[PDB]
Amino acid sequence: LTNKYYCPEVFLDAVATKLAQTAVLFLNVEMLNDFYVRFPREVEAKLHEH
Amino acid sequence: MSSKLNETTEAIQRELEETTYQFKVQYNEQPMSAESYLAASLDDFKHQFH
Amino acid sequence: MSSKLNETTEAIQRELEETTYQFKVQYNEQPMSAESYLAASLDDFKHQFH
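Going down the list, the sequences are from chains A, B and C. Counted the way UniProt numbering counts, the first sequence spans residues 815 to 864. Counted the way UniProt numbering counts, the second sequence spans residues 517 to 566. Counted the way UniProt numbering counts, the third sequence spans residues 517 to 566.
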């Protein structure tokens, strides 16, 4: 790894895997959980008003 | 009109009997509304989501 | 009243910030309503019953 500047591909893929793994933690908690709680509610109101 | 009034009143009572009877055998006299079917398939849909 | 009006306005904006900060740290900003809670507990029960 000490020659990062000679090997841009393996460095950028390293960066991509890391960002991907910690963004998956925030995503799961925030967006996913909120979807599990808010989806039933909006179905029921929206089907009512339709 | 007064003369036909009788046979027409009989025949009306007849066609009310036949419909009623069909309602006993084909639908068990089971009460149904549009909303009820809609509520029941809605809850099925919710279980699947779960 | 008017003299106090501006210093009151500033304190009010502050207590609105702090109210937000605890709404962030302890509840994660999950908005809540009475009919919502009712709808979700109902649905968890109807799942149970399913």
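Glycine included, C-beta positions come from ideal geometry on N, C-alpha and C.
- When Cβ pairs closer than 8 Å are counted between the two stretches, the region 839-850 of chain A is seen not to touch the region 552-559 of chain B, the count staying below three.
- Around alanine 550 (chain C), no beta-carbon contact reaches into chain A at under 9 Å, the shortest distance being about 13 Å.
- Here DSSP, grouped into helix, strand and coil, assigns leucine 558 (chain B) to helix.
- The beta carbon of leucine 846 (chain A) sits no closer than 8 Å to any beta carbon of chain B.
- Taking the C-beta atoms as reference points, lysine 562 (chain C) is found no nearer than 8 Å to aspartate 560 (chain B).
- For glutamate 545 (chain B), the secondary structure class from DSSP, reduced to helix, strand or coil, is coil.
- Contact annotation, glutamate 545 (chain B) with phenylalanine 539 (chain B): C-beta distance approximately 6 Å; criterion of less than 8 Å satisfied.
- DSSP, read as helix, strand or coil, puts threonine 816 (chain A) in coil.
- Secondary structure of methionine 845 (chain A) (DSSP, three-state): helix.
- The contact set of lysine 562 (chain B) on chain C, defined by CB atoms closer than 9 Å, consists of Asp559, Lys562, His563 and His566 in chain order.
- Straight-line measurement puts the Cα of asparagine 522 (chain C) at about 41 Å from the Cα of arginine 855 (chain A).
- Listed along the chain, the chain A residues whose CB falls inside 8 Å of the CB of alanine 555 (chain C) are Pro854, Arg855 and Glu858.
- Just so you know, the alpha carbons of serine 518 (chain C) and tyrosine 850 (chain A) end up roughly 49 Å apart.
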